[PDB]
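# Summary of structural features
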Amino acid sequence: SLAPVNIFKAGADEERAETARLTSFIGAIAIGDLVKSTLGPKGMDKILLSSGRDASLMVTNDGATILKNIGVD
Amino acid sequence: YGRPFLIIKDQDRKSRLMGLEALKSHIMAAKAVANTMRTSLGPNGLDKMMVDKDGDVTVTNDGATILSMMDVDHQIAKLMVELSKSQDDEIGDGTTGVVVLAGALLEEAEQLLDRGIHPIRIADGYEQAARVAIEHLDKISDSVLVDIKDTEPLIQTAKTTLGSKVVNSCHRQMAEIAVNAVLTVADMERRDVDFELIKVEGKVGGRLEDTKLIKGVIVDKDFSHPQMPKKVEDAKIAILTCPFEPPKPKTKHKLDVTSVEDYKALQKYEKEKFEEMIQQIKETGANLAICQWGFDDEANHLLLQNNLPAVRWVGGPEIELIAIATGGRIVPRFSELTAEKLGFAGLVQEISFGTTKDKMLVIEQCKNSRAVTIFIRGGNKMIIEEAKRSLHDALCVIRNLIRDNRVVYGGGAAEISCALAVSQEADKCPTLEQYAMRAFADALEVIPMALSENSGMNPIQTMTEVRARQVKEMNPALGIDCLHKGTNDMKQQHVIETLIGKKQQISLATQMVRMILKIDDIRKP
Amino acid sequence: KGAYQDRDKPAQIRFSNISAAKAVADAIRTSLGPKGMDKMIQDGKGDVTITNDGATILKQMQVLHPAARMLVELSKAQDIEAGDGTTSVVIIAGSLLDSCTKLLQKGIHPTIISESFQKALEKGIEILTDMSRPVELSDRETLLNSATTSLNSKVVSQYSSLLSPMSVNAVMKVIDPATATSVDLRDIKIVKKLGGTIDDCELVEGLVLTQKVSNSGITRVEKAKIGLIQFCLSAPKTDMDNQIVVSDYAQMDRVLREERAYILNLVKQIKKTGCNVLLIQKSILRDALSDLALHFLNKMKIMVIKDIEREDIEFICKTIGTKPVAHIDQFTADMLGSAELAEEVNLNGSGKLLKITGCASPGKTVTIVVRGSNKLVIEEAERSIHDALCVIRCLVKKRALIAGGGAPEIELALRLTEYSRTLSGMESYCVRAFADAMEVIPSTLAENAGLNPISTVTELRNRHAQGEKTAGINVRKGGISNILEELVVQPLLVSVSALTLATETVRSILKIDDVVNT
Amino acid sequence: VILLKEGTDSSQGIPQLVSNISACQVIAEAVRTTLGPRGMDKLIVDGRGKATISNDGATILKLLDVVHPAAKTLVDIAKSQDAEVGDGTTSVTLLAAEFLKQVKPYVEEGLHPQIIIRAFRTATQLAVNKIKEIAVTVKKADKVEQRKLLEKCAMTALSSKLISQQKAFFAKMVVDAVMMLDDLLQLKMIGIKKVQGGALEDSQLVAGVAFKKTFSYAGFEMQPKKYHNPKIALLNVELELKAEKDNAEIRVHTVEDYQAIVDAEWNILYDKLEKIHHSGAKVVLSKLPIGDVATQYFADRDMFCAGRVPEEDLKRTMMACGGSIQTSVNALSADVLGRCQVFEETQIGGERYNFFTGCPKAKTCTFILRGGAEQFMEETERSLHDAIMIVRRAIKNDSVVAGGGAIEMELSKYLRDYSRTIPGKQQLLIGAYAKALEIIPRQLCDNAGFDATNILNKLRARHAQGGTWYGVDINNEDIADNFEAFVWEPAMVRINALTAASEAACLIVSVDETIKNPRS
Ligand SMILES: Nc1ncnc2c1ncn2[C@@H]1O[C@H](COP(=O)(O)OP(=O)(O)O)[C@@H](O)[C@H]1O
Ligand SMILES: Nc1ncnc2c1ncn2[C@@H]1O[C@H](COP(=O)(O)OP(=O)(O)O)[C@@H](O)[C@H]1O
Ligand SMILES: Nc1ncnc2c1ncn2[C@@H]1O[C@H](COP(=O)(O)OP(=O)(O)O)[C@@H](O)[C@H]1O
Ligand SMILES: [Mg+2]
Ligand SMILES: [Mg+2]
Ligand SMILES: [Mg+2]
């Protein structure tokens with residue numbers, strides 16, 4: 001917690017200020033901007049391409065599978 | 001001598017902290033933990049978003065749960081986590097309160113020992129002040145009525161508990177379902193509540209308003225052989241353990257079929273065994289059969305064409321809950337299934353949960369059912385988990401009130417009254433020990449300060465004004481107006497804390513801070 | 001209801017600064033008062049020091065936090081302004097920052113705390129002024145008391161009976177005690193040489209040189225006529241390019257004879273003025289002394305001191321009353337320094353020291369030579385002597401004397417708490433915290449002496465509440481007693497400067513809300 | 001070729017012995033700050049990350065990883081003192097280190113180790129004799145005074161622990177747990193069960209037997225949890241479907257025989273259960289697991305079952321109720337089933353605990369001690385074990401002696417007086433022994449933040465002629481009659497501490513050379 005003693009672990013961290021809501025807001029807005037270009041009858045669909053086993057490729061417009069397939073952090 | 005001698009194995013890497021510096025480090029870690037837990041306190045507090053090593057996320061306000069998932073390495077932080085978990089175990093409410101109180105007490109202890117006072121003296125003063133506070137808390141409490149006829153005080157207490165949690169979006173039906181579930185399950189004669197009879201089950205979809213309390217049993221199965229009817233009316237049920245398969249002894253065995261006549265006899269034995277099984281299921285008159293261990297295709301078809309719906313693969317605890325709800329008996333063999341051993345079901349229905357393939361059964365009872373089930377629905381897995389832990393908090397509060405019957409008017413009023421009692425006692429006390437008493441008073445009185453700070457008001461001035469109000473008019477039910485409705489009086493606002501919860505908070509925090517103060521030396525690799 | 005103040009980094013930075021300041025204060029807390037024991041600092045290179053002065057401890061210790069660096073600058077500023085209290089000012093600043101951390105936790109804006117601290121300081125300065133008593137010079141007893149008090153918390157305390165009277169005599173023999181308004185410590189030359197013990201320290205009204213006599217035939221001079229030289233006693237050479245061309249065999253004889261005659265002429269003009277000891281300035285680009293020149297000087301029975309630093313000419317002239325010469329034509333006895341005796345003393349095999357003593361001309365300068373077994377005690381002894389000199393300088397600056405041993409700050413704490421009790425508002429808590437954060441000094445004096453801090457501070461507060469002013473901690477009695485009868489006093493300027501400097505630097509620290517790496 | 005293997009390290013002479021002595025003081029410094037009511041606490045972090053918090057010499061010294069043989073001797077003396085009398089583990093370590101420190105000045109010059117060993121032996125023999133001949137015994141054999149003596153000894157034992165503020169609550173409590181034991185004082189007959197949650201004063205002493213809910217099957221939570229005069233069927237047989245012999249092979253050739261054998265397995269299980277039920281017992285217990293079929297069988301007949309109980313808890317139930325464990329079921333007689341006043345399953349801190357309370361003739365006990373953290377309850381259990389051990393040892397003879405450094409000062413004065421008649425060099429060594437025995441009050445004062453020298457001088461002046469039993473009163477910051485202040489200790493702890501410390505000092509001194517092999 002920025003105190004001159006660190007207690008969590010070698011790899012564990014804490015964001016207990018406007019940093020946490022900053023990260024949450026930017027992540028949520030990034031997801032929303034990713035989905036934004038697929039609305040209305042004039043929306044245009046996207047390509048989902050894998051980076052590994054069998055290199056699965058799917059063309060889709062609905063946001064459910066778009067958000068399911070990609071790996072959010 | 002010149003030679004440096006080695007006494008401890010691998011002593012070139014071990015670290016040691018001794019004296020007052022170690023106590024400073026302990027107090028500092030405790031202060032960090034308390035500061036982390038301070039923001040998420042009171043109705044205006046904010047949740048915390050914990051992600052585990054697997055990456056799965058959960059948003060929660062329960063202090064015990066937050067600290068349990070807090071992957072922390074400092075030993076004092078581990079002790080604080082154990083404090084919070086133990087407070088959750090004994091009471092179920094006030095898990096953040098103990099952490100905040102311990103942090104405040106340790107901070108005051110640091111301020112005191114800066115003036116060269118022995119830590120054991122601080123611990124003794126903390127113990128004396130804790131005794132005074134508990135005595136005053138028992139003196140100040142009043143009782144509610146734990147009865148079905150006038151259940152409203154139970155709703156008030158559960159609604160006060162459900163505050164500061166997302167389920168306060170509803171905030172009225174949650175308290176109702178918690179009170180009803182605990183009242184139904186509770187054994188009033190022994191004043192004992194069993195939490196194994198409240199199968200809190202959740203499922204995504206719907207809204208948080210759909211969370212209901214079935215006076216029966218919900219199970220995550222479906223009617224085998226889907227051709228059978230999807231619902232039955234008030235039906236006689238046959239809770240069963242043995243599968244619908246031909247028997248076999250547990251002892252290893254060999255059945256030598258030495259001739260074609262033996263083969264035909266074995267075939268006839270198997271077929272007639274199925275037929276007799278179904279016939280002696282039907283003869284009892286039960287409409288619904290339930291099996292723990294599942295069964296095969298022939299049993300499915302015989303059950304179907306005999307107009308006897310059934311389900312399979314029901315778990316052990318689910319079997320026990322079904323049998324308790326329906327009033328029947330679990331029988332392990334078909335040959336001992338009598339009419340008396342059936343149970344009653346108000347109605348058994350199948351539900352589909354929208355477009356998903358998942359199905360469930362609901363068993364509703366027209367008679368007294370000692371078991372219930374809280375069904376939770378929502379739009380997120382995080383919402384579902386937070387809702388079920390919040391309802392567990394409410395159930396724990398309700399059962400605590402069943403087993404104690406006494407309440408205090410929370411919202412900071414209890415802490416302020418205890419602080420005034422502690423200070424008044426410390427007035428007429430010989431010196432060299434009143435400093436610890438006043439430090440205890442301030443440390444326990446920080447809770448209204450944190451409550452007001454979370455509420456957005458100025459902490460110090462509001463706290464001083466409400467304390468002055470409490471000391472002027474002898475009304476010890478004046479607390480922080482956290483929700484901003486005026487009326488510093490907390491009787492009208494209907495805020496209820498359980499007496500055992502607060503006294504457990506005080507005692508447990510005092511004992512933990514005594515242990516922390518006792519520690520002197522740390523040797524760690 | 002109110003501003004959300006979403007940003008939390010300012011609060012974290014403020015608490016980090018307060019924690020660092022408190023840690024730095026606690027580090028040297030145990031090095032305060034007569035019973036405080038000094039610290040030992042060894043820097044990156046294998047050089048060590050045994051320091052009790054707070055300024056030195058903080059400077060040698062290479063800190064890394066900005067609050068710590070501001071505190072060390074505060075300590076050095078307090079040393080510059082007063083010279084004593086460089087530990088107490090840091091302790092006060094850290095302690096009242098630790099006091100104000102809970103004010104920050106109570107929901108108080110930093111500006112209100114800063115303004116209230118300014119008001120508390122304003123009241124405290126008046127409290128200290130009222131508590132004091134006038135002090136006037138030529139009263140050697142109170143000067144000795146102040147010097148002994150300044151030296152009590154140092155290693156040389158047991159030597160203070162043979163080291164404080166000379167410490168105050170040094171100041172009294174430099175400045176006129178009638179119309180001074182200030183003194184200078186530059187003209188107090190502290191010369192340190194290894195060897196002997198502390199009881200061998202000396203104060204000389206004359207001049208001390210670490211230089212060595214070139215002609216090892218003459219050691220002592222009675223009725224010395226000292227003359228500084230700023231030119232060179234070597235073969236002539238012009239500022240611009242110098243060249244001599246020889247084309248005949250007689251020319252070598254001519255140039256050798258002429259150079260010898262020129263040097264002999266210079267030495268004869270030097271000798272005919274009655275000068276019997278010569279001081280040659282350290283000259284480069286031209287040999288200050290030639291072997292032939294030194295031979296002639298020795299022949300005419302003179303003592304020669306060469307390689308004298310340029311920056312020391314002013315000191316020598318102010319000491320022995322001589323005037324420098326940069327041209328031989330202006331070398332006359334009418335402006336030649338005079339002294340009763342010039343001696344070169346071997347210091348029991350530890351060194352060779354030159355003394356010019358009994359200068360007939362008046363000398364507004366004295367020199368202290370400090371002796372010790374090892375170098376560490378010598379460094380600490382010269383630092384302690386400097387502290388005593390700075391205390392006397394404080395006494396000269398403004399004539400106000402107060403008691404010590406915890407009495408001034410505890411009386412200030414009582415008076416300021418009573419003043420805070422009549423300041424209802426959001427500043428009442430801040431003035432109360434300022435008042436109760438100045439009890440750290442008596443508590444530290446109590447706990448460093450092995451006393452009971454709680455009972456000692458409580459009895460001190462009780463004693464000062466009844467108006468028994470100038471009552472403080474006594475370590476000879478091991479309790480609380482009147483301090484004036486115990487002969488422990490300090491000038492008021494030290495306390496006032498400490499309080500004011502600490503308050504100003506704490507307000508500056510409170511004004512901080514962010515740190516960024518450049 | 002060299003005589004020994006390469007890497008062999010040998011040390012000989014005076015410097016080796018002085019280094020061993022210094023190692024002894026360094027290892028005894030680790031537990032020095034854990035004496036008396038103002039004693040502090042030690043936290044030791046293992047290599048696995050688990051932290052143990054305690055303030056007894058034995059546990060702290062064991063937790064410390066020691067590889068120095070002399071420090072190993074100190075560890076062994078602490079552990080042996082723990083294993084003999086239970087209380088006084090820090091005293092033995094401090095006494096040994098102080099003996100060695102006091103004598104090292106004399107060993108710096110050429111003093112033969114045999115003479116100082118002989119001096120220790122004589123001094124310790126005289127000290128043990130004096131302790132035997134000074135300790136007072138009431139010699140009344142009355143129950144009220146015996147109870148008071150045991151309560152005061154237990155209270156003095158609980159001081160300097162985590163359970164100090166609740167001494168009186170726990171002390172008399174453990175006395176009861178020793179009152180209700182048979183004339184064997186077995187330590188397995190009083191159990192300690194630790195459960196999270198609750199305050200320190202919420203702990204209780206079950207006079208029957210209590211144990212955590214072992215396990216349950218589909219059919220539990222149906223049989224009643226409250227019986228008012230039941231009979232306990234202690235068993236050692238598993239009641240569930242299983243192979244008869246784990247190698248039995250069934251060989252048949254007709255379906256009728258197959259059905260008969262299936263019904264036969266069911267019939268043998270049901271006949272065993274019928275024997276158990278017809279025995280008249282209402283609640284049954286078994287070391288071996290109880291299947292779901294037996295759970296439902298006992299649920300259908302208002303009978304409580306509890307399988308997989310631990311061996312120790314089942315033997316405690318035997319000693320409480322007064323039954324006997326039957327491996328066989330054919331002989332459930334009426335004098336083998338134990339009976340209890342009340343059986344009840346209750347909720348304690350997130351766990352279910354079965355209680356058999358009200359047993360009239362109980363020779364066992366159970367400690368339900370509460371706490372906030374696992375280390376809190378573990379340290380409470382350590383303190384309780386210390387107290388029960390001291391009461392167990394004191395029950396054999398009620399000869400007591402004043403604590404708080406009074407006995408150490410008395411022996412120091414006796415040895416100082418004795419070491420004036422003896423001529424020669426042994427006088428100096430016995431005086432060193434007495435000055436070393438003077439350590440305990442000094443360390444108590446140091447831990448309490450006193451003026452140790454002043455209090456020691458006051459003790460010496462008041463105790464040369466002003467009367468024995470005078471130790472240090474911590475609360476009053478002074479000296480006081482600790483026997484009249486009810487600070488009592490059994491004399492055996494001081495006797496054992498002195499003899500062990502003498503033995504360890506002699507063993508450490510009697511070494512002149514050490515060898516370390518390359519530890520292949
Ligand atoms: N409506 C309210 N008004 C004022 N104070 C409240 C109100 N509801 C709860 N509180 C206070 O908030 C504190 C914390 O409650 P909460 O965060 O809901 O659970 P926990 O006690 O586990 O932290 C309690 O001590 C209670 O007194
Ligand atoms: N003999 C003494 N008795 C009591 N207090 C003393 C004595 N000598 C010094 N003090 C106190 O110790 C404090 C620290 O003084 P000192 O360590 O000499 O310099 P600094 O003030 O720079 O630390 C002073 O405030 C003074 O009041
Ligand atoms: N109430 C008391 N007052 C003074 N001294 C006490 C008191 N209780 C115990 N002691 C002292 O503490 C010492 C033992 O400390 P403790 O840590 O309790 O046991 P151990 O001997 O295992 O260290 C004894 O020598 C005894 O004299
Ligand atoms: Mg709550
Ligand atoms: Mg000074
Ligand atoms: Mg003990």
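In the PDB archive, cryo-EM is given as the structure determination method for this entry, at a resolution of 3.24 Å.

### Here we look at the site of ligand 2
Residues and elements named next belong to chain C. Within the structure, ligand 2 sits among 16 residues, and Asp84, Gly85, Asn152, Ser153 and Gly405 are positioned closest to it. Here an oxygen atom of ligand 2 and a side-chain polar atom of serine 153 are 2.7 Å apart. Expressed as a share of its isolated accessible area of 550 Å², the protein-covered part of ligand 2 is 92%. Counting residues per element, the shell around ligand 2 draws most heavily on helix α6 (residues 140-152), which supplies three residues. Counted by class, the shell around ligand 2 contains five nonpolar, ten polar and one charged residues. No fewer than three residues from each of domain 1 (10-135 + 400-518) and domain 2 (136-202 + 365-399) sit in the shell around ligand 2.

### Some thoughts on the coordination of the magnesium ion (ligand 5)
Those protein atoms acting as donors to the magnesium ion (ligand 5) are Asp84 of chain C (OD) and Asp84 of chain C (OD), and they sit at 2.1 to 2.3 Å. Tracing the sequence through the fold places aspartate 84 of chain C in the loop between α3 (66-81) and α4 (88-105).

### Points about the interface of chain D and chain B
Listed by partner, the interface residues are 86 residues for chain D and 73 residues for chain B. Counting across the interface, chain D meets chain B through nine salt bridges. The salt bridge partner of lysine 9 of chain B is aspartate 65 of chain D, with a shortest N-O separation of 3.0 Å. For the interface between chain D and chain B, the tally reads 37 residue pairs in polar contact. Elements represented by at least two residues in the side of chain D that touches chain B include exactly α1 (14-28), β2 (41-45), β3 (51-54), β10 (250-252), α8 (255-278), α9 (292-299), β14 (342-348) and β16 (365-371) of chain D. Here the side of chain D that touches chain B is composed, by residue class, of 39 nonpolar, 21 polar and 26 charged. As judged from the four bridges shared by strand β19 (residues 519-524) of chain B and β2 of chain D, these two strands associate in the parallel manner. Each bridged residue has a counterpart across the sheet, and for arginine 523 of chain B the counterpart in β2 of chain D is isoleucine 44 of chain D.

### Quick word on the packing of aromatic side chains
Residues and elements named next belong to chain D. Taken as a whole, this structure holds 23 aromatic pairs over all chains when the rule is applied. When the centroid spacing of 4.3 Å and the interplanar angle of 20° are considered together, the rings of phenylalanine 99 and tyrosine 433 count as stacked. Of this pair, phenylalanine 99 sits in helix α4 (residues 89-108) while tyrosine 433 is found in helix α13 (residues 426-437), placing the two residues 334 residues apart along the sequence. Residue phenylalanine 99 is classed as buried on the basis of its relative accessible area of 1%. Judged by centre distance (5.0 Å) and plane angle (10°), the ring pair of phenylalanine 483 and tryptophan 488 falls under stacked. According to the relative accessible area criterion, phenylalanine 483 is buried, its value standing at 15%.

What counts and how
Residues numbered from 1 in each chain as written, not as in the entry; some residues may be left out. Chains lettered and ligands numbered in written order. Part of a larger assembly, values for the part shown. Heavy atoms only, no water. Near = heavy atom within 4 Å. Polar contact = N/O pair within 3.5 Å; in protein donor to acceptor, adjacent residues only side chain to side chain. Areas by Shrake-Rupley, 256 points an atom, 1.4 Å probe, with all protein chains shown as cover. Helix = DSSP H or I, 4+ residues; strand = E, 2+ residues; numbered from the N terminus. Nonpolar A, V, L, I, M, F, W, Y, C, P; charged D, E, K, R; others polar. Domains from an automatic or database assignment. Donors = N, O, S within 2.8 Å, 3.2 Å for Na, K, Ca; no water. Contact = heavy atoms within 4.5 Å. Salt bridge = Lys/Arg side-chain N within 4 Å of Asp/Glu carboxyl O. Pairing = 2+ DSSP bridges. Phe/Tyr/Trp six-rings, centres within 6.5 Å; stacked < 30°, edge-to-face > 60°. Buried < 20%, exposed > 50% of the residue type's maximum accessible area, 1.4 Å probe, protein only.

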